[PDB]
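Just one chain follows, in the form deposited in one PDB entry, and it is written as structure tokens.
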């Protein structure tokens, strides 16, 4: 129902936008009031960011076992790091080169580490740290507004690891944040019931307020940038990584995952596609069962190739829309924030939307600019999930080749 409701809201929002745009002259004040239901939806999404990322980040980390630290688990983590790193570079290169929404670096990277360790946990919920050179030059910090997602994610990772390893002493903390994570999921579900009506006025409000259709061509280039990045990752990069490690034709392996790929094109969830991925990887591709049960669940949470090519590209596209010429330091900040946002909004309905709201809030871009992403979020998220499933499927074969000796004992 979520897909049809979101699609209908976009269709109805466009229909409402063009009818109100022509059949009625609206002043600047009335246009702002017309988008109030959409504005209220954005407030709910920002409201749930803080409890969602904190509880989800603690809950996922606190349940980690010793298998992740094993040789099989370490190889999977290294593989997902390398493919995500390639996807991060590929997404940055494409959005910088194509420049879809268009017409110091040391301090930006140092600010990334500074925000990675906030000076106050409560302030990190609504403030971020920035440094600017002053005049022979000195550095001055400001602590501007904006939720510090990187600081919260880092602390919740360390906090989750600590409470996971202290056994029954920290079991109450694991239980507390498990229930809090479940409660936040239900509240997100309640918000998604209002999302279609909010999307209708967000889309219609955006159609009314625009004066020229040049932004639509910019949206078309944004689709090309996201689709081009996924196409290169799925057809060029991932098959090449598979072949060099396994020395076997990756297209027969991809053909074996055909049923899992189609299931990804409808369910649009890597976790929900796991049962199909497990069967296709195990019997069709003859990948060992002992390794699929480890690599695939690991990829269901830390496979950020799709996020790098979809959410980070979208965030940079929004930055280019606001006439912001961000540099290498700022672009890297967006990409790292996007992956941190994704791990925070993992098992969430409309994760693509929720992740985008987290990234825009944590970067400074207007979260109301996400309406252009929403109009195609249903389409682009389906392909993003398909690439993530293909990436996880290739990982099982890649990890298996490197684990031949371990599987022999």
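Residue numbers count along the first chain shown, from 1.
- Where residue 135 is followed by residue 136 in the displayed chain, the model omits 10 or more of the deposited residues that sit between the two.
- Deposited sequence between residue 103 and residue 104: 10 or more residues lack coordinates.
There is another form of this protein, the form deposited with a small molecule bound, and it is not shown here; the text below is about that form.
- The partner is absent here, but in the bound PDB entry a heavy atom of 304, alone among 281, 204, 226, 304, sits within 4.5 Å of the small molecule.
- Put simply, of 35, 346, 360, 375 only one has a heavy atom within 4.5 Å of the small molecule in the bound PDB entry, and it is 346.
- Interface membership of residue 268, defined by any non-hydrogen atom within 4.5 Å of the small molecule in the bound PDB entry, is confirmed.
- Contact annotation: residue 351 falls within 4.5 Å of the small molecule in the bound PDB entry, judged by heavy atom distances.
- Residues within 4.5 angstroms of the small molecule in the bound PDB entry, judged by any non-hydrogen atom, belong to 304 to 312 and to none of the other stretches in 255 to 263, 136 to 144, 304 to 312, 172 to 180.
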